[PDB]
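The structure file input18.cif is reproduced below (mmCIF, C-alpha atoms and all ligand atoms).
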```
data_structure
loop_
_atom_site.label_atom_id
_atom_site.label_comp_id
_atom_site.auth_asym_id
_atom_site.auth_seq_id
_atom_site.Cartn_x
_atom_site.Cartn_y
_atom_site.Cartn_z
CA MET A 1 188.22 105.26 98.09
CA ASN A 2 185.54 105.47 95.37
CA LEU A 3 183.60 102.25 94.81
CA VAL A 4 180.70 100.95 92.79
CA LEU A 5 178.69 97.88 93.77
CA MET A 6 177.19 96.35 90.63
CA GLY A 7 174.90 93.31 90.50
CA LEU A 8 171.59 92.03 89.15
CA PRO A 9 168.53 92.51 91.42
CA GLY A 10 168.87 90.50 94.62
CA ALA A 11 172.63 89.87 94.27
CA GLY A 12 173.30 91.28 97.76
CA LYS A 13 174.35 94.89 97.05
CA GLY A 14 172.64 96.36 100.15
CA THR A 15 173.69 93.54 102.52
CA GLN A 16 177.32 94.05 101.54
CA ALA A 17 177.12 97.85 101.29
CA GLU A 18 175.99 97.97 104.92
CA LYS A 19 178.97 95.91 105.99
CA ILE A 20 181.36 98.04 103.95
CA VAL A 21 180.22 101.42 105.28
CA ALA A 22 180.21 100.18 108.88
CA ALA A 23 183.90 99.30 108.42
CA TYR A 24 185.08 102.45 106.65
CA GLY A 25 182.46 105.07 107.54
CA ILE A 26 181.91 106.41 104.00
CA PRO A 27 178.47 107.25 102.54
CA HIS A 28 176.31 104.55 100.98
CA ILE A 29 174.60 106.01 97.90
CA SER A 30 171.74 103.84 96.61
CA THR A 31 169.61 105.04 93.68
CA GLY A 32 166.80 102.63 94.53
CA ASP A 33 166.71 103.85 98.12
CA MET A 34 166.73 107.50 97.01
CA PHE A 35 163.81 106.89 94.61
CA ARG A 36 161.86 105.20 97.42
CA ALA A 37 162.58 108.19 99.69
CA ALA A 38 161.27 110.55 97.00
CA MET A 39 158.11 108.38 96.70
CA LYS A 40 157.44 108.60 100.47
CA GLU A 41 157.99 112.38 100.44
CA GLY A 42 155.64 112.76 97.49
CA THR A 43 158.10 114.76 95.37
CA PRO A 44 157.73 115.10 91.56
CA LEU A 45 160.63 112.62 91.11
CA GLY A 46 159.06 110.20 93.56
CA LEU A 47 155.81 110.22 91.60
CA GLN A 48 157.57 109.52 88.31
CA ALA A 49 159.93 106.81 89.64
CA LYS A 50 157.03 104.96 91.30
CA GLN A 51 155.52 103.95 87.94
CA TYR A 52 158.79 102.49 86.65
CA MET A 53 159.66 100.79 89.96
CA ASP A 54 156.22 99.25 90.35
CA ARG A 55 156.59 97.66 86.90
CA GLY A 56 160.16 96.52 87.46
CA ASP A 57 161.47 98.89 84.80
CA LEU A 58 164.48 101.19 84.98
CA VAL A 59 163.89 104.91 85.65
CA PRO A 60 165.03 106.93 82.54
CA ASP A 61 168.73 107.88 82.43
CA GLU A 62 168.50 111.66 82.53
CA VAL A 63 166.42 111.65 85.72
CA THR A 64 168.71 109.14 87.42
CA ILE A 65 171.99 110.77 86.38
CA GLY A 66 170.62 114.04 87.76
CA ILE A 67 169.93 112.87 91.32
CA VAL A 68 173.36 111.21 91.45
CA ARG A 69 175.20 114.34 90.26
CA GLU A 70 173.46 116.27 93.08
CA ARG A 71 174.27 113.67 95.74
CA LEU A 72 177.94 113.32 94.72
CA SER A 73 178.63 117.04 95.00
CA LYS A 74 178.03 117.15 98.78
CA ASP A 75 180.89 117.48 101.24
CA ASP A 76 180.21 114.09 102.86
CA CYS A 77 181.72 112.41 99.77
CA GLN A 78 185.20 113.92 100.22
CA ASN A 79 186.61 110.83 101.99
CA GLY A 80 185.13 108.53 99.36
CA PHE A 81 181.81 106.80 98.80
CA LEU A 82 180.04 103.63 97.86
CA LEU A 83 177.61 103.74 94.89
CA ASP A 84 175.02 100.94 95.05
CA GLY A 85 172.93 100.27 91.97
CA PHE A 86 174.40 103.08 89.89
CA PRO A 87 175.45 102.93 87.13
CA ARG A 88 173.26 100.29 85.53
CA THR A 89 173.32 101.32 81.87
CA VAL A 90 176.25 102.24 79.63
CA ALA A 91 175.14 105.76 79.47
CA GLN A 92 174.87 106.16 83.22
CA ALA A 93 178.46 104.82 83.33
CA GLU A 94 179.70 107.38 80.76
CA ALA A 95 177.93 110.10 82.73
CA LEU A 96 179.57 108.89 85.94
CA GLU A 97 183.11 109.12 84.50
CA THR A 98 182.58 112.82 83.61
CA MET A 99 180.67 113.57 86.80
CA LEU A 100 183.58 112.27 88.91
CA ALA A 101 186.15 114.06 86.76
CA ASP A 102 184.36 117.34 87.51
CA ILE A 103 185.07 116.89 91.23
CA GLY A 104 188.60 115.55 90.73
CA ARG A 105 187.96 111.84 91.25
CA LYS A 106 188.19 108.45 89.57
CA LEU A 107 186.73 105.11 90.54
CA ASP A 108 188.98 102.67 92.31
CA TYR A 109 186.95 99.47 91.91
CA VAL A 110 183.66 98.42 90.37
CA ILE A 111 182.73 95.33 92.40
CA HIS A 112 180.57 92.98 90.32
CA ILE A 113 178.71 90.56 92.64
CA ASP A 114 177.82 87.60 90.39
CA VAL A 115 174.89 85.30 91.17
CA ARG A 116 172.85 82.88 88.95
CA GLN A 117 169.42 84.09 87.82
CA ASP A 118 167.56 81.19 89.40
CA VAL A 119 169.05 82.02 92.79
CA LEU A 120 168.29 85.75 92.31
CA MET A 121 164.66 84.81 91.75
CA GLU A 122 164.59 83.10 95.18
CA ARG A 123 166.58 85.87 96.94
CA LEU A 124 163.94 88.45 95.94
CA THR A 125 160.60 86.61 96.26
CA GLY A 126 161.34 85.24 99.72
CA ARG A 127 162.58 88.59 101.04
CA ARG A 128 160.42 90.13 103.82
CA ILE A 129 160.89 93.62 105.33
CA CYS A 130 159.75 95.03 108.69
CA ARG A 131 157.15 97.78 108.23
CA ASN A 132 158.38 99.52 111.42
CA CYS A 133 162.15 99.44 111.33
CA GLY A 134 163.16 98.24 107.87
CA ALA A 135 164.93 95.12 109.14
CA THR A 136 165.30 92.53 106.33
CA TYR A 137 164.57 88.81 106.61
CA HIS A 138 164.35 85.98 104.16
CA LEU A 139 161.85 83.13 104.50
CA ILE A 140 164.27 80.67 102.94
CA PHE A 141 167.77 81.93 103.78
CA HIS A 142 167.33 83.74 107.13
CA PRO A 143 163.80 83.74 108.65
CA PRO A 144 162.60 85.60 111.72
CA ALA A 145 162.21 83.79 115.07
CA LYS A 146 158.42 83.96 114.76
CA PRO A 147 156.54 83.99 111.40
CA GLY A 148 155.52 87.44 110.12
CA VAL A 149 157.13 89.17 113.13
CA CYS A 150 160.32 91.31 113.26
CA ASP A 151 162.88 90.01 115.80
CA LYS A 152 164.16 93.52 116.56
CA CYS A 153 160.94 95.43 117.13
CA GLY A 154 158.05 92.99 116.94
CA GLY A 155 156.81 94.84 113.85
CA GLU A 156 154.89 93.55 110.82
CA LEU A 157 156.90 91.91 108.03
CA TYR A 158 155.70 92.38 104.43
CA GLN A 159 156.92 91.85 100.87
CA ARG A 160 158.18 94.85 98.87
CA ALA A 161 155.82 95.74 96.00
CA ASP A 162 158.26 94.81 93.25
CA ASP A 163 159.35 91.53 94.88
CA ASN A 164 156.50 89.35 93.56
CA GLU A 165 157.45 86.76 90.96
CA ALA A 166 156.09 88.50 87.85
CA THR A 167 157.79 91.82 88.59
CA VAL A 168 161.04 90.01 89.55
CA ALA A 169 161.14 88.24 86.14
CA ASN A 170 160.89 91.65 84.43
CA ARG A 171 163.49 93.23 86.74
CA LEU A 172 165.92 90.45 85.97
CA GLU A 173 165.45 90.70 82.22
CA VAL A 174 165.83 94.46 81.87
CA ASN A 175 168.82 94.58 84.26
CA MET A 176 170.52 91.68 82.48
CA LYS A 177 170.24 93.50 79.13
CA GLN A 178 171.25 96.92 80.44
CA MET A 179 173.69 96.11 83.24
CA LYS A 180 175.68 93.15 81.83
CA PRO A 181 177.39 95.14 79.03
CA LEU A 182 178.93 97.15 81.91
CA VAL A 183 181.20 94.19 82.70
CA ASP A 184 183.15 94.66 79.49
CA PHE A 185 183.03 98.46 79.78
CA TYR A 186 184.71 98.35 83.18
CA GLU A 187 187.00 95.46 82.39
CA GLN A 188 188.41 97.68 79.61
CA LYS A 189 189.27 100.41 82.13
CA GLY A 190 190.75 97.97 84.62
CA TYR A 191 188.21 98.85 87.32
CA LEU A 192 186.23 95.59 87.27
CA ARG A 193 186.62 92.96 90.00
CA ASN A 194 184.36 89.91 90.19
CA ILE A 195 182.97 88.52 93.44
CA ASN A 196 181.14 85.20 93.77
CA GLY A 197 177.89 86.23 95.46
CA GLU A 198 176.64 82.67 95.97
CA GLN A 199 178.40 82.14 99.29
CA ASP A 200 177.37 82.91 102.86
CA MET A 201 177.16 86.65 103.70
CA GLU A 202 180.33 86.79 105.78
CA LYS A 203 182.33 84.90 103.20
CA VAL A 204 181.18 87.31 100.48
CA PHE A 205 182.22 90.18 102.77
CA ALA A 206 185.67 88.64 103.32
CA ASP A 207 186.34 88.37 99.57
CA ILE A 208 185.39 92.04 99.29
CA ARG A 209 187.54 93.10 102.27
CA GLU A 210 190.40 91.08 100.77
CA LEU A 211 190.02 93.04 97.55
CA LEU A 212 189.78 96.37 99.36
CA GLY A 213 192.97 95.44 101.23
CA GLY A 214 195.04 95.95 98.09
CA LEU A 215 194.17 99.65 98.32
CA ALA A 216 195.91 100.15 101.66
CA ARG A 217 198.83 98.01 100.46
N1 LIG B 301 170.66 103.24 88.39
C1 LIG B 301 169.35 103.09 88.22
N2 LIG B 301 168.88 103.36 86.98
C2 LIG B 301 167.59 103.26 86.64
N3 LIG B 301 166.67 102.89 87.52
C3 LIG B 301 167.06 102.57 88.78
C4 LIG B 301 168.39 102.68 89.13
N4 LIG B 301 168.62 102.34 90.39
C5 LIG B 301 167.43 102.01 90.87
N5 LIG B 301 166.50 102.13 89.89
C6 LIG B 301 165.06 101.87 90.02
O1 LIG B 301 164.75 101.56 91.38
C7 LIG B 301 164.29 100.16 91.48
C8 LIG B 301 164.79 99.47 92.75
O2 LIG B 301 166.24 99.49 92.78
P1 LIG B 301 167.00 98.64 93.96
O3 LIG B 301 166.29 99.04 95.19
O4 LIG B 301 168.40 99.07 93.75
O5 LIG B 301 166.81 97.19 93.58
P2 LIG B 301 167.75 96.18 92.90
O6 LIG B 301 169.04 96.65 92.31
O7 LIG B 301 167.03 95.54 91.79
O8 LIG B 301 168.11 95.09 93.93
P3 LIG B 301 167.76 94.91 95.40
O9 LIG B 301 167.79 96.17 96.16
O10 LIG B 301 166.40 94.47 95.68
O11 LIG B 301 168.72 93.84 95.92
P4 LIG B 301 170.18 93.96 96.35
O12 LIG B 301 171.23 93.54 95.36
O13 LIG B 301 170.51 95.18 97.15
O14 LIG B 301 170.27 92.83 97.48
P5 LIG B 301 169.99 92.66 99.08
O15 LIG B 301 171.28 92.89 99.75
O16 LIG B 301 168.77 93.38 99.45
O17 LIG B 301 169.67 91.08 99.14
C9 LIG B 301 168.43 90.57 98.68
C10 LIG B 301 167.89 89.43 99.54
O18 LIG B 301 168.84 88.37 99.57
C11 LIG B 301 169.30 88.22 100.92
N6 LIG B 301 170.75 87.94 100.84
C12 LIG B 301 171.77 88.74 100.57
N7 LIG B 301 172.93 88.06 100.51
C13 LIG B 301 172.58 86.82 100.74
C14 LIG B 301 173.43 85.70 100.76
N8 LIG B 301 174.75 85.81 100.55
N9 LIG B 301 172.82 84.53 101.00
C15 LIG B 301 171.49 84.43 101.22
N10 LIG B 301 170.70 85.50 101.20
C16 LIG B 301 171.23 86.72 100.93
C17 LIG B 301 168.89 89.45 101.66
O19 LIG B 301 168.66 89.07 103.00
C18 LIG B 301 167.60 89.84 100.96
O20 LIG B 301 166.51 89.12 101.50
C19 LIG B 301 164.81 99.50 90.21
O21 LIG B 301 164.09 98.32 89.85
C20 LIG B 301 164.60 100.65 89.22
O22 LIG B 301 163.20 100.76 88.99
MG MG B 302 169.39 97.09 97.32
ZN ZN B 303 161.32 95.79 112.94
#
```
Mind turning the file's structure into structure tokens?
Amino acid sequence: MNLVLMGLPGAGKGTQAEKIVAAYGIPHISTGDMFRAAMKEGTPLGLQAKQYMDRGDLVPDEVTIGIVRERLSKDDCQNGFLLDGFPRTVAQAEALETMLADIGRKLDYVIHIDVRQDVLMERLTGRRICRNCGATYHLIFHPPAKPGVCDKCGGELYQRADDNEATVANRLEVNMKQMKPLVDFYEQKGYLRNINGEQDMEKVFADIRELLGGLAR
């Protein structure tokens, strides 16, 4: 089972990806998470991606396609995988088709989680992350027990660098221009499936699981 989770910033890709991989046990491949890992390590890629990420811009295609090609070749992807946040440009999508073909695979579904831009703005700005364990909270939609404190570890909660309002507005605009044309690209191949992301987390998961059910049928 080869899947792609596609959505504008804050649509709920990670939230759902975590639920999906816990149910099937396949790898969760997130380009944003890989770039952040490279930044922490201090690698050449991490240094370059930092500048784009901090501004809310997309990292250039060649660089991004490259780290994905490397990740997809590993043995852990033999039983399938979940791509989160890639592809997000038409060219990354063309690159993905060929990249998969090289390892004898094709996508099953490209799950488009649709949410209104005004809600996405709120999803991102109110998001808070634990500095110790990475647990995610949301001041509006799902706050911690105690303000600024992580329920799991008692750690410090903070706002991701790119989650401030000005950077969010940029993120939304560039992703809307680059990512939205992918709806028609995938609809043409028959891979596209739309999910209403403006529902409670478990309900969104059930619509996804319902879709995934048609694979085992
Ligand atoms: N392919 C690529 N090409 C080029 N450059 C690339 C690239 N991929 C990455 N990059 C670069 O890396 C950067 C970061 O990428 P990335 O880290 O991928 O950011 P993103 O795609 O913009 O979106 P998010 O990760 O922040 O949100 P998400 O959809 O996962 O939602 P989440 O589940 O967290 O949910 C968000 C919040 O909402 C909450 N939430 C989720 N669902 C619900 C719900 N149903 N109801 C209420 N709250 C909800 C969560 O609790 C959370 O607080 C990019 O800006 C770019 O610079
Ligand atoms: Mg994410
Ligand atoms: Zn914590």
Report task. Measuring atom to atom with only C-alpha atoms, identify which of A:162, A:139, A:153, A:108 is nearest to residue 32 of chain A. Result -> A:162
Report task. Considering all atoms listed in the file, state which residue in the set A:128, A:116, A:209, A:19 is at the smallest distance from ligand LIG 301 (chain B). Result ->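 For ligand LIG 301 (chain B), the nearest of the given residues is A:128.
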Report task. Give as a PyMOL selection string every residue, naming chains and numbers as the document does, that has an atom within 12 Å of (171.4, 99.5, 80.5), counting all atoms listed in the file. Result -> chain A and resi 8+57-61+85-94+171-183+185
Emit the selected residues as a PDB file, keeping the file's coordinate frame, including C-alpha atoms.
```
ATOM      1  CA  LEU A   8     171.590  92.030  89.150  1.00  0.00           C
ATOM      2  CA  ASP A  57     161.470  98.890  84.800  1.00  0.00           C
ATOM      3  CA  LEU A  58     164.480 101.190  84.980  1.00  0.00           C
ATOM      4  CA  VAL A  59     163.890 104.910  85.650  1.00  0.00           C
ATOM      5  CA  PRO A  60     165.030 106.930  82.540  1.00  0.00           C
ATOM      6  CA  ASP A  61     168.730 107.880  82.430  1.00  0.00           C
ATOM      7  CA  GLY A  85     172.930 100.270  91.970  1.00  0.00           C
ATOM      8  CA  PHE A  86     174.400 103.080  89.890  1.00  0.00           C
ATOM      9  CA  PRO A  87     175.450 102.930  87.130  1.00  0.00           C
ATOM     10  CA  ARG A  88     173.260 100.290  85.530  1.00  0.00           C
ATOM     11  CA  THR A  89     173.320 101.320  81.870  1.00  0.00           C
ATOM     12  CA  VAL A  90     176.250 102.240  79.630  1.00  0.00           C
ATOM     13  CA  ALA A  91     175.140 105.760  79.470  1.00  0.00           C
ATOM     14  CA  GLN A  92     174.870 106.160  83.220  1.00  0.00           C
ATOM     15  CA  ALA A  93     178.460 104.820  83.330  1.00  0.00           C
ATOM     16  CA  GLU A  94     179.700 107.380  80.760  1.00  0.00           C
ATOM     17  CA  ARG A 171     163.490  93.230  86.740  1.00  0.00           C
ATOM     18  CA  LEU A 172     165.920  90.450  85.970  1.00  0.00           C
ATOM     19  CA  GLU A 173     165.450  90.700  82.220  1.00  0.00           C
ATOM     20  CA  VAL A 174     165.830  94.460  81.870  1.00  0.00           C
ATOM     21  CA  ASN A 175     168.820  94.580  84.260  1.00  0.00           C
ATOM     22  CA  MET A 176     170.520  91.680  82.480  1.00  0.00           C
ATOM     23  CA  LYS A 177     170.240  93.500  79.130  1.00  0.00           C
ATOM     24  CA  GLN A 178     171.250  96.920  80.440  1.00  0.00           C
ATOM     25  CA  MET A 179     173.690  96.110  83.240  1.00  0.00           C
ATOM     26  CA  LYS A 180     175.680  93.150  81.830  1.00  0.00           C
ATOM     27  CA  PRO A 181     177.390  95.140  79.030  1.00  0.00           C
ATOM     28  CA  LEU A 182     178.930  97.150  81.910  1.00  0.00           C
ATOM     29  CA  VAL A 183     181.200  94.190  82.700  1.00  0.00           C
ATOM     30  CA  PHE A 185     183.030  98.460  79.780  1.00  0.00           C
TER      31      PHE A 185
END
```
Residues of chain A that approach ligand ZN 303 (chain B) to 10 Å or less, counting only C-alpha atoms and all ligand atoms: could you list each one with the shortest pair of atoms and its distance in Å to one decimal, rows by chain and increasing residue number, as a tab-separated table?
```
residue	atom	partner	partner_atom	distance
A:129	CA	B:ZN303	ZN	7.9
A:130	CA	B:ZN303	ZN	4.6
A:131	CA	B:ZN303	ZN	6.6
A:132	CA	B:ZN303	ZN	5.0
A:133	CA	B:ZN303	ZN	4.1
A:134	CA	B:ZN303	ZN	5.9
A:135	CA	B:ZN303	ZN	5.3
A:136	CA	B:ZN303	ZN	8.4
A:137	CA	B:ZN303	ZN	10.0
A:149	CA	B:ZN303	ZN	7.8
A:150	CA	B:ZN303	ZN	4.6
A:151	CA	B:ZN303	ZN	6.6
A:152	CA	B:ZN303	ZN	5.1
A:153	CA	B:ZN303	ZN	4.2
A:154	CA	B:ZN303	ZN	5.9
A:155	CA	B:ZN303	ZN	4.7
A:156	CA	B:ZN303	ZN	7.1
A:157	CA	B:ZN303	ZN	7.7
```
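Across A:67, A:16, A:122, A:9, the tightest approach to residue 170 of chain A is made by A:9 when counting all atoms listed in the file.
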Query raised in the report: Taking into account all atoms listed in the file, which residue in the set A:49, A:4, A:39, A:212 is nearest to ligand LIG 301 (chain B)?
Result: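 Looking only at the distances to ligand LIG 301 (chain B), the closest residue turns out to be A:49.
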Report task. Pick out the closest residue to ligand LIG 301 (chain B) from this set: A:106, A:71, A:28, A:55. Count all atoms listed in the file. Result ->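 Smallest separation from ligand LIG 301 (chain B) among the options: A:55.
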Query raised in the report: Near residue 83 of chain A, counting all atoms listed in the file, which residues have an atom at most 10 Å away, once you skip same-chain residues fewer than 3 positions from it, shown as a PyMOL selection string?
Result: chain A and resi 2-6+13+17+27-31+68+72+80+86-87+110
Report summary line: Across A:52, A:158, A:81, A:141, the smallest distance to residue 1 of chain A, with only C-alpha atoms counted, is shown by A:81
Report task. Mind checking which residues fall within 8 Å of segment 191-196 of chain A, counting all atoms listed in the file, ignoring those fewer than 6 positions away in the same chain, and posting them as a PyMOL selection string? Result -> chain A and resi 107-115+183+204+207-208
Query raised in the report: atom CA of residue 186 of chain A and atom CA of residue 101 of chain A, how far apart in Å?
Result: 16.2 Å
Segment 143-158 of chain A: axis-aligned bounding box, 6 Å on each side, centre and edge lengths in Å, one decimal, as JSON:
```
{"center_x": 159.5, "center_y": 89.6, "center_z": 110.8, "size_x": 21.3, "size_y": 23.7, "size_z": 24.7}
```
Report summary line: Atom pair atom CA of residue 187 of chain A + atom CA of residue 53 of chain A, distance 28.9 Å
